[PDB]
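Participant: coordinates only, no sequence provided:
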Ligand SMILES: c1ccc2[nH]ccc2c1
């Protein structure tokens, strides 16, 4: 007995999250529709923020006010460029609104708050870009951009988990944990996608890091600077790896198996992707991905328990530890963080 509003939301879930839709749809029914609503709302936010054919005069209010649109039956939007990939989510958004309002009031307050905080951070970002540079210059800015597009997702999901008693409530008292969750994923994708993003005039690597390796960011992609480029990505990987232990801390707080799988799978994939990118020069030439046999192993190792997941983390931390070379100016610090991850897992298990 699935309503068509529900079928549409799940259809759009397949079309926007692609492979991830499968693990979302295996979520415990207490949070299956809430998490689905949460994702389609944030994806609806992205479809507005990313369409450069929408002028700031129109886009900025939609982003700041989107939390209030969730309360308006039949809200639609057809002002995307006719070729935006996820247009139809916003033109048929009345299904998300229907299912948003069917949600328990505690879930609606969480999703509405995150939509509000996130949409306004996006609107602030979209504004600066139009009237300024908006280039990531400091690690602090880098970390701030990741908190708004990914750390806030972690807050929302954690708030839903704790509300459904699927997560230890102490996860809300230590918000560095869900922040590390989102930053680990977002930083790994920013590292791996650096060429793709640069070929679309998007640059998220902080100048505080890449300026120690090249004079201009574009220099990273020239074949003659492949050595400094590797060293730069190494420090990028080092910065991402500093979140891994707090990620293990967060997963230890999850109390329901389908919620564990939903959070553990992307984390295990992130550390594998990080290991594939570490000292890999292909990262600056194309989009590299982990092999299908590896991804399929990881999916088995991320859908069991915390012990099995920690062994996967220990394995890829050791692989990064071994690829680490003294020629790298980040040599010592990479070994230290890898050792801390390995020795921490050895202490638990
Ligand atoms: C758990 C916590 C934070 C997250 N960010 C994206 C997915 C996800 C899962």
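Facilitator: Alright, I've got the coordinates. Numbers count the residues shown, from 1 in each chain.
Participant: would you mind pulling the contact partners of stretch 200-213?
Facilitator: 135-139, 141-142, 145, 190, 194, 197, 217, 220, 228-229, 231-232, 235-236, 239 (Cβ atoms under 8 Å, 6 or more residues apart in numbering). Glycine gets a C-beta too; all of them are placed from N, C-alpha and C.
Participant: now the residues you listed: which count as buried?
Facilitator: Buried members of the contacts of stretch 200-213, scored by 16 or more other Cβ atoms under 10 Å, are 136, 141-142, 145, 190, 194, 217, 220, 228-229, 231-232, 235-236, 239.
Participant: farthest-separated two in the residues you listed?
Facilitator: Spatially, the most separated pair among those is 145 and 228, at 23.9 Å (Cβ to Cβ).
Participant: ok, residue 89 - contacts?
Facilitator: With Cβ under 8 Å, 6+ apart as the criterion, the residues that contact residue 89 are 12, 15, 16, 40, 43, 44, 47, 96.
Participant: how about the secondary structure of it?
Facilitator: helix (DSSP: H, G, I helix; E, B strand; the rest coil).
Participant: distance of the residue nearest to residue 33 when sequence neighbours are not counted relative to the ligand?
Facilitator: Closest residue to residue 33 apart from its sequence neighbours, by Cβ to Cβ, 6 or more residues apart in numbering: residue 99 at 5.9 Å. Separation of residue 99 from the ligand (Cβ to the nearest ligand atom, to the nearest Å): 20 Å.
Participant: residues of the helix or strand hosting residue 99 that come out buried?
Facilitator: In this assignment (DSSP states H and E), residue 99 forms part of helix 94-102. If you call a residue buried by 16+ other Cβ under 10 Å, then helix 94-102 has these buried ones: 95, 96, 97, 98, 99, 100.
Participant: distance to residue 156 added to those residues, as CSV?
Facilitator: Output for those, formatted as CSV (distance: Cβ to Cβ, whole Å):
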residue, distance to residue 156
95, 20
96, 15
97, 18
98, 20
99, 16
100, 13
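Participant: who's in contact with the residue of the stretch 51-200 of the chain found nearest the ligand?
Facilitator: Closest residue of the stretch 51-200 of the chain to the ligand, Cβ to the nearest ligand atom: residue 154 (3.3 Å). For residue 154, the contact set (Cβ under 8 Å, 6+ apart) comprises 178, 179, 181, 182.
Participant: select only the buried ones of the contacts of residue 89 in ChimeraX?
Facilitator: To isolate the buried subset of the contacts of residue 89 in ChimeraX, counting by 16+ other Cβ under 10 Å, use the following:
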select :12,16,40,43,44,47,96
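Participant: between the contacts of residue 89, which is nearest the ligand?
Facilitator: Of all these, residue 43 has the smallest distance to the ligand: 12.4 Å, by Cβ to the nearest ligand atom.
Participant: excluding chain neighbours, what is closest to the closest one?
Facilitator: Spatial nearest neighbour of residue 43, chain neighbours left out: residue 16 (4.7 Å); criterion: Cβ to Cβ, 6+ apart.
Participant: quick one: what helix or strand has that neighbour in it?
Facilitator: helix 4-17.
Participant: show me what that helix is packed against.
Facilitator: helix 21-25, helix 29-50, helix 87-91, helix 94-102 (3 or more Cβ pairs under 8 Å, 6 or more residues apart in numbering; DSSP states H and E).
Participant: of all those helices, which one is nearest residue 349?
Facilitator: Comparing the helices and strands packed on helix 4-17 against residue 349 with Cβ to Cβ, the closest turns out to be helix 21-25 (23.9 Å).
Participant: flag every residue of this structure that's near the ligand.
Facilitator: 150, 153, 154, 157, 178, 181, 182, 185, 263, 266 (Cβ under 6 Å from any ligand atom).
Participant: for this structure, what's the longest helix?
Facilitator: Using DSSP state H, we find that the single longest helix of the chain is helix 105-131.
Participant: show me which positions of that helix end up buried.
Facilitator: By 16+ other Cβ under 10 Å, the buried positions in helix 105-131 come out as 107-108, 110-112, 114-123, 125-126.
Participant: next one: stretch 77-94
Facilitator: Buried-residue list, stretch 77-94, by 16+ other Cβ under 10 Å: 77, 79, 80, 84, 86, 87, 88, 89, 90, 92, 93.
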